[PDB]
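The form deposited in one PDB entry is given below as one chain in structure tokens.
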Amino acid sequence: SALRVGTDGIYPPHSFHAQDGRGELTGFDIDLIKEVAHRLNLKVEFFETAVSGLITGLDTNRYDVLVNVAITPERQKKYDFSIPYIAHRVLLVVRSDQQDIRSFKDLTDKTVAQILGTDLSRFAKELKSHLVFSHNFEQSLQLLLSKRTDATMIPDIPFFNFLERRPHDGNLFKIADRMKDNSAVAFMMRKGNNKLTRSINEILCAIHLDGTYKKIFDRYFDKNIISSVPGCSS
């Protein structure tokens, strides 16, 4: 019996292909949902889709779980989430010599790279920024480097992953601003299978309690920069 998971595998360190993009799907969220599946005695099956098509596949029952989804009011009304399993902080990233962008408000009438069909893309359009649509976070940062855009709103997790992979490029960017709060991130499912949701939850707590959560987290993130969520009790 299968746990069907939708992802886009061009998003290190969440979901990506080993061997410089040529081998097996791996990443924090990939390893976690695999462990979840393993402990539920389910066969995991992955299905890879461009981010703008991820929620559609969930809606039409092509798969049953999406990974690394930020909880928002509208999504909570329409879908079921797991307990949060990580938190990210939205950053405003610019070239290191940029001077006229000091706040999210400053993005009005500036050129900003975002991913089509994402909430940060929606935010940028609402600020009356000028969008250039990228296919993932690596490309948003490349568009920023190359001067196609003057900023990108990007969560900390993929930004710091880029600095870890490309340290000599780090000096070309700076954080101009950050959201005042971090954001809970969870697995997202269609409403109406409370049973699967409660099962994933119980298993996520088990994974915290036995040290496996910390193992997987420290494989992919630096604990001094990226926030974890609380553990559980027994």
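Residue numbers run from 1 along the displayed sequence. Between two forms, the rigid core is the largest collection of C-alphas that superpose within 1.5 Å.
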query	finding
Segment of higher mean CA temperature factor, 95-103 or 109-117	95-103
Mean C-alpha B-factor comparison - 193-201 and 43-51, higher one	193-201
Third of the chain's Cα B-factor distribution that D156 belongs to, per the entry	lowest
Third assignment of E35 from its chain's C-alpha B-factors	highest
Third assignment of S140 from its chain's C-alpha B-factors	lowest
Where the record places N61 (Cα B-factor, split into thirds across the chain)	highest
For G21, the third of its chain into which the C-alpha B factor falls	middle
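Note that the form deposited in another entry isn't included here; everything after this is about it.
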{"item": "Core-aligned C-alpha movement of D119 between the shown form and the other one, 2 Å or more", "value": "yes"}
{"item": "C-alpha of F137 moved at least 2 Å between the shown form and the other one on rigid core", "value": "yes"}
{"item": "Threshold 2 Å Cα movement between the shown form and the other one for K77, core superposed", "value": "no"}
{"item": "Sense of CA distance change between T118 and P12 in the other form, threshold 3 Å", "value": "closer"}
{"item": "Direction of the Cα shift between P84 and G117 in the other form, where the change is 3 Å or more", "value": "closer"}
